[PDB]
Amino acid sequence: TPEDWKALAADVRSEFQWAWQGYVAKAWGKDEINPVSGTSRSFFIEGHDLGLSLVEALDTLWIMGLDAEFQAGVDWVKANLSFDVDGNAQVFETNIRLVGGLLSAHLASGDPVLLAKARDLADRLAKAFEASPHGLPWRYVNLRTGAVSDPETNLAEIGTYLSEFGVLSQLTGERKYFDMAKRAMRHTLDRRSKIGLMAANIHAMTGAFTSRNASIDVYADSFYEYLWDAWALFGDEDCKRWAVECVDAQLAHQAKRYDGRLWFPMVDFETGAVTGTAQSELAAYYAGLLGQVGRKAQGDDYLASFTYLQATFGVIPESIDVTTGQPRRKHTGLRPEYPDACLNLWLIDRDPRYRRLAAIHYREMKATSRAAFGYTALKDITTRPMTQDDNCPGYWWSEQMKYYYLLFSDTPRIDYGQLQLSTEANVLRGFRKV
């Protein structure tokens, strides 16, 4: 019997609503639910929650037509969410989760307050960029005082702002946000090696690399996405060029086959020598990026490596050794990157193969991560049953349930031709209001 995709979408929505109910019951206004114990935890600042999962969920709720739930969350934000807080926040996470989550909710709803709050937060984060003579953000900033800490940063944490900041520039009319984000990316791109790679670790004050390791995953992932995404969102010609150049350098110097499968281990950014044997599950986003930038055959080949892991292990291991294709770790983070790739590749040609693969992933999530009050990360994927930890990461609310729903629902609330997703799956273009 052919899969009824619409029924599967309805199941995703049902499960999401059920999870939301658990969040409301156990963790209202708190950063994350621990759905086994039925408790909450903080994410950014211990004891000073910022409604993380609520904010992350908003655009997902809207897309699913969970309008009452969406509005309850928006109304909570409008009444309660403030960033005048004497505590340190990680700049990267704060941007991709809270600035981006408020922006997608703003674009869905039109509510000016959500933009006001996104912009307030971005202005607090801007102090981290201003504290570097290179415009490379420090990793942490005090939201109230602007004090910075930890300049030993990385490509992802200096280069995952341009989508949110660029949308802020579009909406506000102030180019400063776009410029600040682009300047940081240009810094490292200008320091590419002769073979076109960047090391993944960089110092905000010296502006120099602090390792020799080029990476597509750990320390770097979304830098490469945001180059393409800035072309797509803003028509930025430099970013279009850079996106393709960076990917072609990776395909030339980091693509390696082991036991017939494509992997992208870390390499020395100048010599191209392999410097590591680990690949993170997190790398799976890159299969989708490869398609986006016009390297779809390679993207499908890379997806196939992860499809192998899913078929073999059920849940994709958090990290594997590329030389053996086996797990390096037994726990998971309830990770979304496989359906991320499936959606991104499916948006190119609408091949139902990607739906089939994502349906496996969704069903496996249901079979392994369901707990009393929501969905949880795993302790051990090698036991049967797989043992659970007790945490629903904030990104679950923005990412995989949205990916599944977008893959299966064909919702009229999204213009699929105009759809743009941040690295946290915040929708930054493509809402079709009712």
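Don't overthink the numbering: it's just position in the shown sequence, from 1.
- For the two regions 157 to 165 and 84 to 92, the entry's Cα B-factors average higher over 84 to 92.
- Here the stretch with the larger average CA B-factor, out of 400 to 408 and 382 to 390, is 382 to 390.
- Of the residues listed, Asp229, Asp248, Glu281, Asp300, the entry assigns the biggest Cα temperature factor to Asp248.
- Listed residues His106, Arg97, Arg329, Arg295 were ranked by CA B-factor as deposited; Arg329 comes out on top.
- Per the PDB record, residue ranking by Cα B-factor puts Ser193 in the highest third of the chain.
- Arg370: CA B factor lies in the highest third for its chain, per the PDB record.
- In the deposited entry, the Cα temperature factor of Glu424 sits in the bottom third of values across the chain's modelled residues.
- Among all modelled residues in this chain, the alpha-carbon of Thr323 has a temperature factor (C-alpha) in the highest third.
- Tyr285: CA B factor in the lowest third of modelled residues in this chain (values from the PDB entry).
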